[PDB]
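Visitor: Pasting a structure below so you can have a look.
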Amino acid sequence: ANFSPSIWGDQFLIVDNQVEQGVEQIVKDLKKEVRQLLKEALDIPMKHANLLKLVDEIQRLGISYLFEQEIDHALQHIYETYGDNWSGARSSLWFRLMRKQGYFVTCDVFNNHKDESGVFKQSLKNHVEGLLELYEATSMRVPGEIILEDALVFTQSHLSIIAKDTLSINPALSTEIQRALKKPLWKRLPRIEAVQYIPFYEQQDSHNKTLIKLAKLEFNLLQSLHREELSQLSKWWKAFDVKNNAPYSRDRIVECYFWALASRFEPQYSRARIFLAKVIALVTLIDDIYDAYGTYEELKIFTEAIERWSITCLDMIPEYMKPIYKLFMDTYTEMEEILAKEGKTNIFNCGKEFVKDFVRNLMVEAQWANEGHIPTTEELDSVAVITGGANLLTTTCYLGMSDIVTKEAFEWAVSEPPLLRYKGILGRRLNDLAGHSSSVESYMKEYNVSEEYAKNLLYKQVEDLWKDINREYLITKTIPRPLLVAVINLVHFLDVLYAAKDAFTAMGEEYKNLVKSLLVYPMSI
């Protein structure tokens, strides 16, 4: 088999990212104005609804990382002050921001969105911003929350109509409603939201001139950093010389980086992104050996070499597998040395076992084709939690974020937690709805149903999973929050990964333009 060349060429190899002077200074003073805004709103209870709105704008503008302490402290104070009993303006916004922060606030706050009759109030539909806030809140629902199932149907139907009716009245607003309807805020990766929210915000009549100025300057600065990371990754990858040293596999470093970029985009996580991108490149290679390429005996040997985890067994390995074993060992050994210096060898060793367990289970399914053992579906979902990378990507984030990982986080990881199982299953379902239709067609076999009904059934199962994942997100406290945030971003990324095709051999225009919007086009002025 042959894979197409990278579509990106050499444009990311060397970065010439070009800055003005004093941009550090302008941004510094903008930062202080924003701190003061947050402080002023927090200090007066009457302004708490406005505080939530400011927090939302900072988050959607993609600059929450500049005000981590201020925002965490603000939301903490909001949670402590009102508990589950918020009853103000911005009730839908309060609900979503609380749950995004990890506070499992209940749906009771919505009860007075409905009549005495239990039908949504007429005044809701005659307020677009409120309708939109309610729609966005529905994305945070867990299973069994009927008031939000109801609210989703209500807002969807009304928002659809309004967006059409407002095309000739306010086109930008139509666009903003229709983007939300296409994918709700919670499901969109935060850096992708920022690229889309920034221009909408900038054109809003009442927008804060200080926030938008800061958001655009910062967007461009952080984009330059991302470009530096991808430049470093591009050089590393080019050194490996994949077309010669792994001609069976793909030239996809930009794609591995984009996936890593989804876990955490913030400047603080630069080292973690670069390492994760390398591990994803290694996974891609290794998968491409286990899927087609390697014979059973070759795979058996490679698996023991991975168990051995030492360059000294390079001689025990099939010739074509040598370069990949070398790249793999060099990559992990560099990280092992970094962690040992920080006194975190135990965290490295915990991570390492997950890497071995990944290859192990790839060898499990190779055994299944060699002895005629048949998958069932218990196993085909279970062993795919591992081989699909859910455990590996999560713990690779642990290694990249060593400063905050606890022994408890690893205990969580090894516990086979529902959240990772759900991620794994959802990933399989999303990929089966475009192709690894050997699935939709097979579902049609199982249930004897037409394509239309099958698609509806399969899509409802996917909606069920997002709700299951929301519940696990709100209930999981044993893993440090910044790692939980990384996990949830990687789960939402699957929706981009498996949008309309398999975007790693092919590449949908949708996926291609997301990459350009993040890495190529800077914000204007």
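Residues in the structure tokens are numbered from 1 in each chain, the chains being A, B, ... in the order shown, and ligands are numbered from 1 in the order shown.
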Skip residue 194 of chain A itself and residues of its chain fewer than 6 positions away, then list as a PyMOL selection string all residues within 8 Å of it, counting only C-alpha atoms.

Guide: chain A and resi 60-62

Visitor: For residue 212 of chain A, list every protein, DNA or RNA residue within 9 Å, evaluated using only C-alpha atoms, and leave out those in the same chain fewer than 5 positions away; present the list as a PyMOL selection string.

Guide: chain A and resi 61+198-199+201-202+207+217

Visitor: Find the spatial neighbours of segment 457-459 of chain A, counting only C-alpha atoms, within a cut-off of 9 Å - ignore same-chain residues fewer than 4 positions away - and output them as an MDAnalysis selection string.

Guide: chainID A and resid 429 433 440 443 452:453 463:464

Visitor: Using only C-alpha atoms, which protein or nucleic acid residues come within 8 Å of residue 272 of chain A? Drop anything in the same chain fewer than 4 positions from it, and give the result as a ChimeraX atom specification.

Guide: /A:276,397,399-401

Visitor: Show me a table, sorted first by chain and then by increasing residue number, of the residues of segment 219-307 of chain A having an atom at most 9 Å from segment 324-348 of chain A, each with its shortest atom pair and the distance in Å to one decimal, counting only C-alpha atoms and written as CSV.

Guide:
```
residue,atom,partner,partner_atom,distance
A:240,CA,A:327,CA,7.6
A:245,CA,A:324,CA,7.7
A:246,CA,A:324,CA,7.6
A:275,CA,A:335,CA,8.3
A:278,CA,A:331,CA,7.7
A:279,CA,A:331,CA,8.2
A:282,CA,A:328,CA,6.6
A:285,CA,A:324,CA,7.6
A:286,CA,A:324,CA,8.0
A:302,CA,A:325,CA,8.5
A:305,CA,A:325,CA,8.4
A:306,CA,A:325,CA,8.2
```

Visitor: List as a tab-separated table every residue of segment 34-70 of chain A that is in contact with segment 86-93 of chain A, defined as an atom at most 9 Å from one of its atoms (using only C-alpha atoms), together with the nearest atom pair and the distance in Å rounded to one decimal, sorted by chain and then rising number.

Guide:
```
residue	atom	partner	partner_atom	distance
A:49	CA	A:90	CA	6.0
A:50	CA	A:90	CA	8.4
A:52	CA	A:93	CA	7.3
A:53	CA	A:93	CA	7.7
A:56	CA	A:93	CA	8.1
```

Visitor: In Å, how far is it from atom CA of residue 513 of chain A to atom CA of residue 192 of chain A?

Guide: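 Between atom CA of residue 513 of chain A and atom CA of residue 192 of chain A the gap works out to 10.7 Å.
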
Visitor: Would you list the contacts of residue 454 of chain A as a VMD selection string, taking every protein, DNA or RNA residue within 12 Å and counting only C-alpha atoms, but skipping same-chain residues closer than 6 positions in sequence?

Guide: chain A and resid 433 437 439 to 448 460 to 461

Visitor: Can I get the selection written as a PDB file, in the first residue's frame, with N, CA and C atoms?

Guide:
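selection20.pdb was written with the following content:
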```pdb
ATOM      1  N   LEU A 433     -19.123   5.356  11.869  1.00  0.00           N
ATOM      2  CA  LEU A 433     -20.094   6.178  11.150  1.00  0.00           C
ATOM      3  C   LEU A 433     -19.451   7.003  10.034  1.00  0.00           C
ATOM      4  N   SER A 437     -20.274   0.624   4.527  1.00  0.00           N
ATOM      5  CA  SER A 437     -20.448   0.961   5.938  1.00  0.00           C
ATOM      6  C   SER A 437     -20.553  -0.321   6.769  1.00  0.00           C
ATOM      7  N   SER A 439     -20.848  -1.610   9.321  1.00  0.00           N
ATOM      8  CA  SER A 439     -21.195  -1.321  10.697  1.00  0.00           C
ATOM      9  C   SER A 439     -22.638  -0.886  10.727  1.00  0.00           C
ATOM     10  N   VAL A 440     -22.904   0.160   9.952  1.00  0.00           N
ATOM     11  CA  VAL A 440     -24.254   0.610   9.700  1.00  0.00           C
ATOM     12  C   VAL A 440     -24.956  -0.506   8.941  1.00  0.00           C
ATOM     13  N   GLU A 441     -24.287  -1.029   7.919  1.00  0.00           N
ATOM     14  CA  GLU A 441     -24.812  -2.151   7.148  1.00  0.00           C
ATOM     15  C   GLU A 441     -24.926  -3.415   8.013  1.00  0.00           C
ATOM     16  N   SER A 442     -23.987  -3.587   8.941  1.00  0.00           N
ATOM     17  CA  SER A 442     -24.010  -4.729   9.852  1.00  0.00           C
ATOM     18  C   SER A 442     -25.060  -4.563  10.939  1.00  0.00           C
ATOM     19  N   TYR A 443     -25.302  -3.318  11.348  1.00  0.00           N
ATOM     20  CA  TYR A 443     -26.384  -3.026  12.282  1.00  0.00           C
ATOM     21  C   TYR A 443     -27.711  -3.364  11.612  1.00  0.00           C
ATOM     22  N   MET A 444     -27.830  -2.988  10.340  1.00  0.00           N
ATOM     23  CA  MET A 444     -29.003  -3.308   9.539  1.00  0.00           C
ATOM     24  C   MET A 444     -29.228  -4.816   9.491  1.00  0.00           C
ATOM     25  N   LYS A 445     -28.145  -5.592   9.496  1.00  0.00           N
ATOM     26  CA  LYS A 445     -28.251  -7.052   9.528  1.00  0.00           C
ATOM     27  C   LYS A 445     -28.794  -7.540  10.864  1.00  0.00           C
ATOM     28  N   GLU A 446     -28.196  -7.034  11.938  1.00  0.00           N
ATOM     29  CA  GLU A 446     -28.501  -7.469  13.293  1.00  0.00           C
ATOM     30  C   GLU A 446     -29.962  -7.235  13.649  1.00  0.00           C
ATOM     31  N   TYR A 447     -30.440  -6.030  13.362  1.00  0.00           N
ATOM     32  CA  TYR A 447     -31.779  -5.627  13.772  1.00  0.00           C
ATOM     33  C   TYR A 447     -32.811  -5.730  12.650  1.00  0.00           C
ATOM     34  N   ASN A 448     -32.338  -6.063  11.446  1.00  0.00           N
ATOM     35  CA  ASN A 448     -33.175  -6.111  10.240  1.00  0.00           C
ATOM     36  C   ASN A 448     -33.905  -4.793   9.981  1.00  0.00           C
ATOM     37  N   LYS A 460     -28.443   8.079  18.053  1.00  0.00           N
ATOM     38  CA  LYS A 460     -28.920   8.192  19.435  1.00  0.00           C
ATOM     39  C   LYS A 460     -27.932   7.543  20.427  1.00  0.00           C
ATOM     40  N   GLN A 461     -27.380   6.389  20.059  1.00  0.00           N
ATOM     41  CA  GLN A 461     -26.363   5.732  20.884  1.00  0.00           C
ATOM     42  C   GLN A 461     -25.164   6.655  21.127  1.00  0.00           C
TER      43      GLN A 461
END
```

Visitor: Counting only C-alpha atoms, which of A:296, A:95, A:410, A:498 gets nearest to residue 368 of chain A?

Guide: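 Going through A:296, A:95, A:410, A:498 one by one, the smallest distance to residue 368 of chain A is for A:296.
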
Visitor: Counting only C-alpha atoms, figure out which residue out of A:485, A:465, A:98, A:163 gets nearest to residue 178 of chain A.

Guide: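 Checking each of A:485, A:465, A:98, A:163 against residue 178 of chain A, counting only C-alpha atoms, the winner is A:163.
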
Visitor: Have a look at A:108, A:57, A:379, A:353 and name the one nearest to residue 148 of chain A; count only C-alpha atoms.

Guide: A:108

Visitor: Counting only C-alpha atoms, which of A:105, A:115, A:174, A:168 gets nearest to residue 128 of chain A?

Guide: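 Checking each of A:105, A:115, A:174, A:168 against residue 128 of chain A, counting only C-alpha atoms, the winner is A:174.
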